[PDB]
RNA sequence: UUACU
Ligand SMILES: [C]O[C]1[C]([O])[C]([C]OP([O])(=O)[O-]P(=O)([O-])OP(=O)([O-])O[C][C]2O[C](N3[C]=[N+]([C])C4=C3N=C([N])[N]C4=O)[C]([O])[C]2[O])O[C]1N1[C]=NC2=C1N=[C]N=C2[N]
Ligand SMILES: O=c1ccn([C@@H]2O[C@H](COP(=O)(O)OP(=O)(O)OP(=O)(O)O)[C@@H](O)[C@H]2O)c(=O)[nH]1
Ligand SMILES: [Mg+2]
Ligand SMILES: [Mg+2]
């Protein structure tokens, strides 16, 4: 198959042992409405709508 | 074919048919003058180029191959290049071009007749060009140059590398090599007279740069910038230009470390484990930025402008602390070729050992006491540079007089008059009147004392050797200029001995009188690794320049007061040819002689101090007898390491008493002085430390010393080992692989490969690619070290050929009139380069039967009985456990040729050549000589040590020869019979005994397997779950804690996975060798320590008895016992392995650290030592197979006979 | 032809 280049896999063990932190979430603007992030599916697909 | 289209050059490993190709090509390329000329010089390789590449980093670089006209057609002789004075007394003083100027071979010739001084000049300059140019370590000159250039084909797989273009353009004449060396007639004899005189050095420069290309220090395009700089040095004088570049071309990193600026480094703890990493910003302070402006002007004009342009890119492009380390080791190998700088020593007498007076005169002591002759007996200093030194040193005279009191010196005389060497004398007319055997013995120190054993108590013995002139020994180093040192005879060695014993006991008293090099590993630097890791420190590392010269007689006197002032408070009766008596002593501020009571130490020291003759007198083949103008330090006396240690310790420590005397602080931390290398450490603000750093310079400047000048924030050197930022930089070029100039203990033997294995292990943490260095050591191991030449006799020449040609080819040689010995040389096949007893070198992956290959043996592989496992490793160990057999494949070992190599092991040629030399000398003549030696010493009951050695062996088991005392009286005599020769009558009965050894072992051979090995056949099985990585690995992730320990390499991961270095082991080993002759690598063999432990662990109630076979004192007994009890956790005597601490600097000593890495299912714990034996199994296979370590954890399976063997 | 730590 692939298996990559044991130098690059020796730094794989070094990578997944000493992990770190990122991803600051601030942007952060004025919104004079309702800030919608998720949608909701209906709980019961019951009726046809002929 | 040829060596760049082989299957081994592609894989890069040993397929079963690929190994027959490497046998066939190297043996063909070994023993031909012609084939060699084919390989270096086919017409199929293009001329190269305007080449471009990447100079060992991310960026790119281009350079052109330029050859100057001073090499392609050199000038004529120009006899104003080596002028004389108005008389022919000496060379003209202040002459330049003191070394061998490149002048084109032909022009030197004799014209005129065998006298009239100038004839001996042109004859000895011919000895400079034809004799003092070659120094080939293993093979001849051409086999060695072919060993890089073949290995550099196999590694990079092509022939478009541009080093071979320098091989082609510098020398090619189309029929044969431009020059070869004779061996039998000893000179380099030329075949083209129009070729340059300097070219036999350029073999070794092309040798060294290709070693640096292979090491990974230099890339291909960087070696263009290298080679152009070397040939530019060769325009007028190839070494005189190099010695001026040597200072400038490596002082430049302190600018590049300044420019990098903020650089993230590991830090160390007190007990040298890595505890943290911090980012510490390297900007060197304001007063060394003023030293940058003065130095970069000298960089611009003294250097070749392409070598200068390579440096100015490394200042500007460098971005990390790792990045300057890349350029610095690579710019360092551009200024050196490792060639030892050899000329005739009449040229270097003016440069090396002529005394200089740098600026000040040093004034004299107030003499307080004088004996009947007006000479110094007791003396004290008055407001000088010395009064600063005796403010520190005179406090020790009340304690050392109880340590210099309590040795009994006549005993310590015979133990320091070991190391057989020379006396000056050629004995004389009385060499006839002592005996013709002891005529030939008469070189050693222990023998020239034995011949004159009667004279040792007479005081006229020392008086008749002031008449004898001191002869100039010369010895040279890697980068220093041709240096001379004084070989004193036994009586001039005697007067210097009491100042050696007095100045020795300041070492145990003061730490800072410092480190002897017994560690080899990190403890020789574990001081320097710590203080650089710290904050608010500036580090200075001082060499004075030349420190043999500078020591005038007046500066020498500051050590003389310290040696006197100890000896007055002491009580030593008789010392030698003296006795404590009643002398007339003048007491200054008395009129009139008043008789003090003086002891022998007192008398001896006063006489030696008074009497001192300093000149070295060299007999010349040109001149009559040139004599150095005295006032230097004659550096061989006894105290040549203490006189420059005790002095500089008094001057720098005495400074912080004098600075504390007038209201200034001291602000100096620990200082390590191994004379002359001063290295002190400061702390405070950037202004306070500098006010002290000037006065340490200025008092050494007013002591008459030329301190060069070195200091920096985050830079520190000692014993030619650079430490910076908490990382270790290498100095790889100082270990020259291929230049020796020893003329003493030459091997072309098994021992010639031990000289490779010790130097290959010197470079394992000075290299950026240790796998490539294993490629280089293999072919030089293969091509060069291949042929052992032996002189048989004719009748036995027939069957010596027939028996050994059965297994491996033996060369035959053309027959002789009227010497009756034909030469013949055996060819020593490539398996012998891998044997446990032969060449102990680590291998490449072989092929099993199916064949799924072995593990690639890395640079950390341990030697002795482990290379016998490699024989079983080929036979599929995992398979063997399957069939439950100790059985062995004779097919696969005979196919590669392993079977033909262990025959050469069992022939045992080396001790057989030692046996015939041991056969010829009468032990009766030795015993009368050596009974007279124990008359000088003890006196009695050196007999009790011989009795203790013999009582131990007959009751128990053999304690061998060198170690126990009075045998090591006898063994110290033996070395002159070992020295004084092989020659031909003894050599004819070498062949009679060896041929009897041959016909017995050839009559059938099978691989002899021992009951003492079950004890490999264990193999590790990889699993699917990873290790932890030991949190100090995150700290040494950045940046470049050594050279090979870059992030994601083999040596870094071994320092991560195997991990650690304990302090607990190699402090006791650092405590052991303080008994037994410490100053270097001291690798673990130590035949006291292993032989004493095999009695201690298994056996000891006898262990009272062989301590007086050492004649170990009660203190000396206490050192060894603490090391024996700590060496009982690990490991086994039953399974032998040897590595060196030079091989594994930061890697752990202990197999305890590897038991974390391998589980053993605990039904295998089956004997009392068997936990401690399985650790070495876990210890070695991690270090052996580190290039194939994903970071999985391996698990051990065993053969049931290995379970069965350790049960007992 | 060849030193000491
Ligand atoms: C007894 O015997 C002996 C020995 O063996 C010897 C040695 O030899 P070798 O060295 O081995 O040779 P080599 O080196 O091998 O060679 P090569 O290198 O291979 O090649 C070669 C070459 O060489 C030459 N050659 C030269 N030279 C000079 C010579 C030669 N050869 C001969 N044979 N000779 C001579 O001289 C060429 O050229 C080429 O090229 O030795 C011996 N040894 C010797 N001698 C002696 C000895 N021992 C002791 N003693 C003495 N005297
Ligand atoms: O074989 C040796 C090598 C070195 N030494 C040691 O050499 C010291 C004196 O030699 P120096 O160390 O003072 O030479 P130098 O540095 O001033 O020369 P440059 O680098 O400036 O060119 C002595 O104090 C001693 O201990 C020997 O005694 N024997
Ligand atoms: Mg020095
Ligand atoms: Mg030095």
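Chains as they are written, first to last, in the deposited numbering: chain G, 108 to 157; chain A, 5 to 1212. We put the beta carbon where it would ideally sit given N, CA and C, even for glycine.
Exercise. Counting only beta-carbon atoms, is residue 1194 of chain A nearer than 8 Å to chain G?
Worked result: As a working note, residue 1194 of chain A is residue 1190 in the second chain. So yes, residue 1194 of chain A belongs to the interface.
For this session: Following the continuous alpha helix (DSSP H) through residue 797 of chain A, name the residue where it begins and the one where it ends.
Result: For this step, residue 797 of chain A is matched to residue 793 along the second chain. Neither: residue 797 of chain A is in no alpha helix (DSSP H) and is coded neither H nor E.
Problem set entry | Helix, strand or coil at residue 643 of chain A according to DSSP, with G and I counted as helix | Within the second chain, residue 643 of chain A is the residue found at index 639, counting from 1. The answer is coil: DSSP assigns residue 643 of chain A none of H, G, I, E or B.
Exercise. Quick one: any contact between the region 889-904 of chain A and the region 997-1017 of chain A, if contact means 3 or more CB pairs under 8 Å?
Worked result: yes
Exercise. Between A:1184, A:1164 and A:1185, which lies nearest to residue 1175 of chain A when the distance is taken from Cα to Cα?
Worked result: Here residue 1175 of chain A corresponds to residue number 1171 of the second chain, with the count starting at 1. Nearest of A:1184, A:1164 and A:1185 to residue 1175 of chain A, Cα basis: A:1164.
Exercise. Using the beta-carbon of each residue, which ones in chain G are nearer than 8 Å to residue 1030 of chain A?
Worked result: Within the second chain, numbered from 1, the residue matching residue 1030 of chain A stands at position 1026. Simply 120.
Exercise. Residue 131 of chain A to residue 190 of chain A, Cα distance in whole Å?
Worked result: Position 127 of the second chain holds residue 131 of chain A. Position 186 of the second chain holds residue 190 of chain A. Those two C-alpha atoms are separated by around 10 Å.
Exercise. For residue 441 of chain A, is the beta carbon positioned less than 7 Å from some heavy atom of ligand 5?
Worked result: As for ligand 5, it is missing from this structure, which binds only ligand 1, ligand 2, ligand 3 and ligand 4.
Problem set entry | For residue 1059 of chain A, three-class secondary structure by DSSP | As a first step, residue 1059 of chain A must be located in the second chain, where it is residue number 1055. Note: residue 1059 of chain A maps to helix in three-state DSSP.
Problem set entry | Proximity to residue 1015 of chain A [Cα-Cα], best of A:896, A:1206 and A:48 | Position 1011 of the second chain, counting from 1, holds the residue named residue 1015 of chain A. The shortest Cα separation from residue 1015 of chain A among A:896, A:1206 and A:48 belongs to A:1206.
Exercise. Hey, does residue 124 of chain G have any beta-carbon neighbour from chain A nearer than 8 Å?
Worked result: Taking the first residue of the first chain as position 1, residue 124 of chain G is located at position 17. So, interface residue.
Exercise. Around the Cβ of residue 1169 of chain A, are there at least 16 other Cβ atoms within 10 angstroms (buried) or fewer (exposed)?
Worked result: In the second chain, the residue the question calls residue 1169 of chain A occupies position 1165. Per the 10 Å Cβ criterion, exposed.
For this session: Determine the DSSP secondary structure at residue 3 of chain A, reduced to helix, strand or coil.
Result: Residue coverage of chain A in this structure runs from 5 to 1212, which leaves residue 3 of chain A outside it and unanswerable.
For this session: Under 7 Å between beta-carbons, which chain A residues line up against residue 147 of chain G? List them in chain order, please.
Result: In the first chain, the residue the question calls residue 147 of chain G occupies position 40. Those do not exist, as residue 147 of chain G stays about 43 Å from chain A at its closest Cβ, beyond 7 Å.
Problem set entry | Under 8 Å between C-beta atoms of residue 1217 of chain A and residue 91 of chain A | Absent from the structure is residue 1217 of chain A, since the part of chain A shown begins at 5 and ends at 1212.
Exercise. Can a CB atom of chain G be found closer than 8 Å to the CB of residue 857 of chain A?
Worked result: Residue 857 of chain A sits at position 853 when you count from the first residue of the second chain. Cβ-Cβ to chain G under 8 Å: no for residue 857 of chain A.
Problem set entry | Contact with chain G by residue 1038 of chain A, beta-carbon distance below 8 Å | Translated into the one-based positions of the second chain, residue 1038 of chain A becomes position 1034. It does; some Cβ of chain G falls within 8 Å.
Problem set entry | Coil, strand or helix - residue 733 of chain A by DSSP | Reading the second chain from its first residue, position 729 is the one you call residue 733 of chain A. Strand at residue 733 of chain A.
Problem set entry | Given 8 Å, three or more beta-carbon pairs between the region 321-332 of chain A and the region 601-616 of chain A | no
Exercise. Looking at the C-beta of residue 1055 of chain A, does it have a partner C-beta in chain G at a distance below 8 Å?
Worked result: Taking the second chain and counting its residues from 1, the one referred to as residue 1055 of chain A is at position 1051. Residue 1055 of chain A does not count as touching chain G.
For this session: Please name the residue in A:276, A:254, A:1038 and A:1086 whose C-alpha comes closest to that of residue 127 of chain G.
Result: Counted from its first residue, the first chain places residue 127 of chain G at position 20. Among A:276, A:254, A:1038 and A:1086, the Cα nearest to that of residue 127 of chain G is on A:1038.
Exercise. Roughly how many angstroms separate the alpha carbons of residue 977 of chain A and residue 434 of chain A, rounded to a whole number?
Worked result: Taking the second chain and counting its residues from 1, one reaches residue 977 of chain A at position 973. Taking the second chain and counting its residues from 1, one reaches residue 434 of chain A at position 430. Looking at the two C-alpha atoms, the distance is approximately 20 Å.
Exercise. Do residue 1228 of chain A and residue 252 of chain A have their C-beta atoms closer together than 8 Å?
Worked result: With chain A covering 5 to 1212 only, the question about residue 1228 of chain A has no answer from this structure.
Exercise. Touching or not, the region 220-227 of chain A and the region 333-347 of chain A, by the rule of three or more beta carbon pairs under 8 Å?
Worked result: yes
Exercise. The alpha helix (DSSP H) spanning residue 965 of chain A covers which residue range?
Worked result: Counted from its first residue, the second chain places residue 965 of chain A at position 961. Here residue 965 of chain A belongs to no alpha helix (DSSP H), and DSSP marks it neither H nor E.
Exercise. In chain G, what lies closer than 8 Å to residue 1034 of chain A by C-beta?
Worked result: One-based indexing of the second chain puts residue 1034 of chain A at position 1030. Going along chain G, no residue has its Cβ under 8 Å from residue 1034 of chain A, so there is no contact; the nearest lies around 10 Å.
Exercise. Who are the Cβ neighbours of residue 240 of chain A in its own chain at under 8 Å, not counting the five residues just before and after it?
Worked result: Taking the first residue of the second chain as 1, we reach residue 240 of chain A at position 236. 74, 101, 105 and 106, listed in sequence order.
Problem set entry | Residue list, Cβ distance to ligand 3 heavy atoms smaller than 5 Å | A:547 and A:680
Exercise. Does residue 143 of chain G get closer than 8 Å to chain A when you measure Cβ to Cβ?
Worked result: Counting from one through the first chain, the residue named residue 143 of chain G turns up at place 36. Taking Cβ atoms only, chain A never reaches closer than 8 Å to residue 143 of chain G, which makes this a no.
Exercise. By the 10 Å Cβ neighbour count, where 16 or more other Cβ atoms means buried, how is residue 532 of chain A classified, buried or exposed?
Worked result: Counting from 1 along the second chain, the entry for residue 532 of chain A is found at position 528. Flag for residue 532 of chain A reads buried.
Exercise. Quick one, which residues of the region 141-166 of chain A are near chain G if we go by CB-CB under 9 Å, in chain order?
Worked result: none
Exercise. Anyone know if the C-beta pair for residue 804 of chain A and residue 817 of chain A falls short of 8 Å?
Worked result: Here residue 804 of chain A is taken as the residue at index 800 of the second chain, counted from 1. Here residue 817 of chain A is taken as the residue at index 813 of the second chain, counted from 1. No; because the gap between Cβ atoms is not below 8 Å, this pair is not in contact.
Problem set entry | Short CB-CB distance (under 8 Å) between residue 1189 of chain A and chain G | Position 1185 of the second chain, counted from the first residue, corresponds to residue 1189 of chain A. No, because no Cβ of chain G sits closer than 8 Å to the Cβ of residue 1189 of chain A.
Problem set entry | Within chain A, partners of residue 114 of chain G - CB distance below 8 Å | Translated into the one-based positions of the first chain, residue 114 of chain G becomes position 7. Ordered by position in chain A, the residues that pass the 8 Å Cβ test against residue 114 of chain G are 1052 and 1053.
Exercise. Whole-angstrom Cβ separation of residue 921 of chain A and residue 982 of chain A, contact assumed at under 8 Å?
Worked result: The residue labelled residue 921 of chain A in the question sits at position 917 within the second chain. The residue labelled residue 982 of chain A in the question sits at position 978 within the second chain. Rounded, the Cβ-Cβ distance is 6 Å, consistent with contact.
Problem set entry | Endpoints, the alpha helix (DSSP H) within which residue 22 of chain A is located | Here residue 22 of chain A is taken as the residue at index 18 of the second chain, counted from 1. Segment 22-34, the alpha helix (DSSP H) holding residue 22 of chain A.
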